[PDB]
Amino acid sequence: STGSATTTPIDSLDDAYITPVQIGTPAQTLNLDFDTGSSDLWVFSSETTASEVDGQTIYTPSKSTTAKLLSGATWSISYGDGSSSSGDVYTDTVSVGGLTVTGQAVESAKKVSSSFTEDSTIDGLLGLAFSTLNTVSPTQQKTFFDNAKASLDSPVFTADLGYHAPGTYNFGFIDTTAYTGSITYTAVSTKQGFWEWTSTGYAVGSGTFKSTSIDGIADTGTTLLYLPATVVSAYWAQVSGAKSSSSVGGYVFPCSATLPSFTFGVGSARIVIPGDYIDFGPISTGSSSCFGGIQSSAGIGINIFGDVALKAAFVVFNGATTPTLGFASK
Ligand SMILES: CN(C)c1ccc(C(=O)O)cn1
């Protein structure tokens, strides 16, 4: 089997991407944030504290003839941006782009933090990291991908995120029309539960490539590119007037600037992130100070190849017995 679904930016900055997902019988369609950095499929629901729901579409398990309470199971998760959610668990039928999994754990939120409430466009998350990170207790649950894998034509999914445009998540096949040149594959460590890999270096604009190993994670649920402070300083030094602002919470730059590209290495191959992709717009409405799309990972403990990086590539998440990542230009 295979599946193919369009993923759409939630706003004009590509702050996140949402993908429609069918849950239950009859189908209830929710728009979920596909997150290769976590491993829980959770949704706003009829159980979510009413004051914490503001415009989201909810899953109502009592209206699904295939929903079953997973008795005794609870979940609770916190994300790198400080947001969080928790609740109980149902199993139900879940379909993405025509690919159906029966008995998928659907984690129903009883509580969500303010940043979830405030984002009316995101109805929940669909985790695509390794199932070892799943938070359900006392019986850990599998991701949608793990549950689907054995049935797929090939044990893979691909992320093809758009810049200020829709893109595609495919399951079970590689669309050879969706990229240019060849796909370069690179080793993955699953030791931390992430799609963790090592970039071979970087370049800023038309500058020379610096060969240096940068360990990090391919994370579709993180907006920006978070890299070591040395790398990030080298980038922003090429933008007149750019500076790190402790008050804003990262590098800012004059909105009048033209940003240089940023290249990252995948083995001997190179992925080029156009300068425009690194512009996250005014820090507040009407400001001439703009927020940068490349930020330091120093506070975080891990480097993160978030959407800024991934959207410049066609990315293969190969879930074969020994997982690997693939990157192609597009
Ligand atoms: C809607 N918000 C608060 C989100 C969504 C997704 C993530 C994440 O995948 O890490 C974090 N915050």
Side-chain angles (χ1 to χ4, degrees), residues 5 7-21 30-45 48-49 51-59 75-87 96 105-109 112-136 141 143-145 157 159 161-162 167 169 192-196 216-227 249-250 280-281 291 293 295-297 299-311 315 317:
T7 192
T8 302
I10 65 167
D11 62 23
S12 64
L13 299 179
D14 299 345
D15 281 316
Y17 297 79
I18 51 172
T19 308
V21 177
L30 276 64
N31 297 327
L32 305 188
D33 185 350
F34 283 23
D35 181 14
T36 64
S38 68
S39 306
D40 287 50
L41 192 177
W42 74 261
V43 296
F44 279 78
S45 72
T48 310
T49 301
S51 64
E52 295 179 350
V53 183
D54 186 7
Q56 296 81 10
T57 295
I58 62 165
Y59 170 57
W75 62 279
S76 182
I77 193 163
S78 303
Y79 298 99
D81 66 349
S83 68
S84 63
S85 52
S86 63
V96 177
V106 177
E107 302 172 34
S108 168
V112 304
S113 66
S114 59
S115 285
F116 286 114
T117 300
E118 290 159 4
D119 192 346
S120 66
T121 66
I122 291 175
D123 302 323
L125 266 66
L126 189 149
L128 293 167
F130 293 88
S131 292
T132 54
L133 295 181
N134 176 266
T135 77
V136 177
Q141 301 294 305
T143 71
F144 176 81
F145 178 55
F157 68 90
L161 302 179
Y169 281 102
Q192 296 189 85
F194 299 123
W195 293 91
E196 186 172 1
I217 67 167
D219 185 1
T220 59
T222 291
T223 313
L224 307 184
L225 175 53
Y226 295 89
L227 291 173
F280 280 75
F291 198 68
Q295 297 292 347
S296 179
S297 63
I300 303 176
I302 197 158
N303 301 305
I304 307 174
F305 294 87
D307 299 333
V308 164
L310 303 182
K311 77 178 72 177
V315 188
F317 295 79

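Index from 1, following the sequence. Atoms within a ligand are numbered from 1 in the order they appear, just like the ligands themselves. Keep in mind that the numbers below use all heavy atoms, side chains included, and drop hydrogens, waters and symmetry copies.
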Between [X] and [Y]: side-chain donor-acceptor atoms closer than 3.5 Å:
{"X": "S115", "Y": "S83", "result": "no"}
{"X": "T7", "Y": "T19", "result": "yes"}
{"X": "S38", "Y": "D40", "result": "no"}

Exercise. Begin from the C-alpha positions of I18 and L32 and carry the test side chain to side chain contact (heavy atoms under 4.5 Å, CB included) through to its verdict.
Key: CA-CA 5 Å; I18 51 172; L32 305 188; over 6 Å; no
Self-check item: Backbone N/O of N31 and side chain of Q56: donor-acceptor pair under 3.5 Å
Solution: no
Distance to 0.1 Å, residue and atom name: give those for the protein heavy atom nearest to [atom].
{"atom": "atom 12 (N) of ligand 1", "answer": "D81 OD2, 2.8 Å"}
{"atom": "atom 2 (N) of ligand 1", "answer": "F116 CE2, 3.3 Å"}
{"atom": "atom 9 (O) of ligand 1", "answer": "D35 OD2, 3.0 Å"}

Quiz item: For ligand 1, which atoms sit closer than 4.0 Å to a heavy atom of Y79?
Solution: 10 (O)
Exercise. Taking only heavy atoms of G221 into account, list the atoms of ligand 1 that are under 4.0 Å away from them.
Key: 7 (C), 8 (C), 9 (O), 10 (O)
Self-check item: With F317, the ring pair (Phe, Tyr, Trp, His ring centres under 6.0 Å) member among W195, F130, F34
Solution: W195
Quiz item: Got an N/O contact under 3.5 Å between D33 and ligand 1?
Solution: no
Quiz item: Hey, is ligand 1 close enough to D119 that some N/O pair sits below 3.5 Å?
Solution: no
Quiz prompt | Contact with ligand 1 for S83, non-hydrogen, under 4.0 angstrom | solution = yes
Self-check item: Residue part near ligand 1, for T222, under 4.0 Å between non-hydrogen atoms
Solution: neither
Quiz item: Should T143 and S131 be marked as a side chain to side chain contact (heavy atoms under 4.5 Å, CB included) after you check the CA-CA gap, both sets of side-chain angles, and the distance that decides it?
Solution: CA-CA 6 Å; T143 71; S131 292; 3.6 Å; yes
